[PDB]
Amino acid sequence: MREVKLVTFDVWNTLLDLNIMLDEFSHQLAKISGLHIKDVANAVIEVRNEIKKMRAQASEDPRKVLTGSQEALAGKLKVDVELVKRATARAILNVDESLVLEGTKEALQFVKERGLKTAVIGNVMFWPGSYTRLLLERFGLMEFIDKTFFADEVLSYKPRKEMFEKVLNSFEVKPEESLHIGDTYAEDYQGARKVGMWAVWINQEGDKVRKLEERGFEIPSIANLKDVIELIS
């Protein structure tokens, strides 16, 4: 088979811890809005469930990949969307290194040491891709990332076809010469799989590396990415 030249990474729940970030955000939004933390925490889950359900079917207008979530949240809580934007800014300044998931920097180093190209393909919600890029840069991860592709900056989102192809084209590689790893089945796995790339789904509820189908695997943690990479090299 063709040799893998590019490994692409999802961010939330693959490299960084999403719940800590979402909790810091709910907290910060509740603080500046003077609202009860439970109402804010619930609104966040509702907006996230809704958009996740839409994105799986490519039903959200990519032009609102960011603004949509922000305005939906603002409306649920009856506040100016300006407060939502400010809350994300404060949350990004309040989180820290505890956000980095175990084995993350090691897996990135493994890829870069084999001479492979790396990239980040992440969707966005509530806060722009620029905020997430700030975190990657701040935790030293960007040292191992060659290119970053955030939904709001590319005007698309996983599992949409043009989102992955944009990345493949940027590195001038073919789908079969690429592998994408992410934790959202409907977004990362199916997205990369139907474009032709090798796909790896992180299922923390899993125990071992499993071949799910042709060009598709399931692994318990990013720590096992090196096993999949080595298996197909």
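Residue numbers run from 1 along the displayed sequence.
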> Once you work out the mean C-alpha B-factor for both 203-211 and 37-45 from the entry, which is higher?
Replying inline: 203-211
>> Mean CA temperature factor from the deposited coordinates, higher in 6-14 or in 219-227?
In response: 219-227
>> Between 89, 163, 74, 99, which one tops the list for Cα B-factor in this entry?
In response: 163
> In the PDB entry, which of 31, 180, 64, 53 has its C-alpha at the highest B-factor?
Replying inline: 53
> Taking the C-alpha B-factors as the PDB entry records them, is residue 176 in the lowest, middle or highest third of its chain?
Replying inline: lowest
>> Please say which third, lowest, middle or highest, residue 105 falls into when its CA temperature factor is compared across its chain.
In response: highest
>> Can you tell me whether residue 147 has a C-alpha B-factor in the lowest, middle or highest third compared with the other modelled residues of the same chain?
In response: highest
>> For the chain shown, is the CA B-factor of residue 192 in the lowest, middle or highest third of its modelled residues?
In response: highest
> Hey, what third does residue 156 fall into on Cα B-factor, ranked over its chain?
Replying inline: highest
